[PDB]
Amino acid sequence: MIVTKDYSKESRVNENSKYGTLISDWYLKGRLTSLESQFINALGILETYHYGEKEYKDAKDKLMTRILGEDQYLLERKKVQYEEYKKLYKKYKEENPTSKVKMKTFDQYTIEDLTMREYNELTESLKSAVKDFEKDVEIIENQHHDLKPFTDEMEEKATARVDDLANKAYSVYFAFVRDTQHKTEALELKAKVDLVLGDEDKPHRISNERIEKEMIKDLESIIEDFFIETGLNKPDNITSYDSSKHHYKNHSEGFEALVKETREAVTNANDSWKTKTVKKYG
């Protein structure tokens, strides 16, 4: 209307930086791609599974605040520039009436003006924000030993305990997935185990004592959920599923023996386990 003056103040870019020397379009493309990658990397650090604990919340909000702030800076620069592009486009059409070139939309438009001062300041601000985040994290972990990263050896051992438990769950799943009466519970069991473990090609790392403890309680609770809902009793012993020995197609014989042994164990189990569940049922 009467114009709108200021930019948002969360950005560390200096107000005068945008009025400096614009960089050549050909070189510009690579600087915007670099910026895009920096944001992607910063957001990815933020999203790391390890940091999904309540203790990192503030540190994260703070980093998020900084990343969005620099993103908003670029977004607002695009809006200002798009506004000028449109006016240029209309002047262009008045000078080349026979032209059939169409005006890009805001979403097809890309930033046309950037100075090295803005690039360096954006880049440094994000770098600074990530460094502050890394310091905030170190502090958080000094104050909470169960959040401190495991050494590679400790993570491998913890990760194996977790995977072994999940494989016991998979056995239960395989033992009841062809059982008309309990198929749904079985399918949900498999889906819930997959959900907490994460994608098979990039699972959530059991990187500290807290993840190990909670991932184990989660898995045990998920298994217990299956027995609670089907009304079956949880056996004290379940053979862990081992693809190399029990694969449905690759080792049919072994698959059937696993199923057979697991089902028989469920049949012989008593209900003592209900007094020791992770979760409160009822």
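We number the residues from 1 along the sequence you see.
If you average the CA temperature factors over each stretch, which comes out higher, 138 to 146 or 206 to 214? Higher mean C-alpha B-factor: 138 to 146.
Query raised in the report: Between 116 to 124 and 85 to 93, which has the higher average C-alpha B-factor in the PDB entry?
Result: Going by the record's values, the stretch with the higher mean is 85 to 93.
* Compare the CA B factors listed in the entry for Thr110, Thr159, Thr180, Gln72 and report the winner. => The listed residue with the largest C-alpha B-factor is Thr180.
Would you mind ranking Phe255 by its C-alpha B-factor against the rest of the chain and naming the third, lowest, middle or highest? Within its chain, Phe255 is a highest-third residue by C-alpha B-factor, going by the deposited values.
Can you tell me which third, lowest, middle or highest, the CA B-factor of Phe226 falls into for its chain? Within its chain, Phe226 is a lowest-third residue by C-alpha B-factor, going by the deposited values.
Third of chain Cα B-factors occupied by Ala166: Within its chain, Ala166 is a lowest-third residue by C-alpha B-factor, going by the deposited values.
Practice task
Using the B-factors in the PDB entry, rank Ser34's C-alpha atom against the chain and give the third, lowest, middle or highest.
Solution key: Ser34: CA B-factor falls in the lowest third of its chain.
**Item:** Third of chain Cα B-factors occupied by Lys131
**Value:** According to the entry, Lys131 has a C-alpha B-factor in the chain's middle third.
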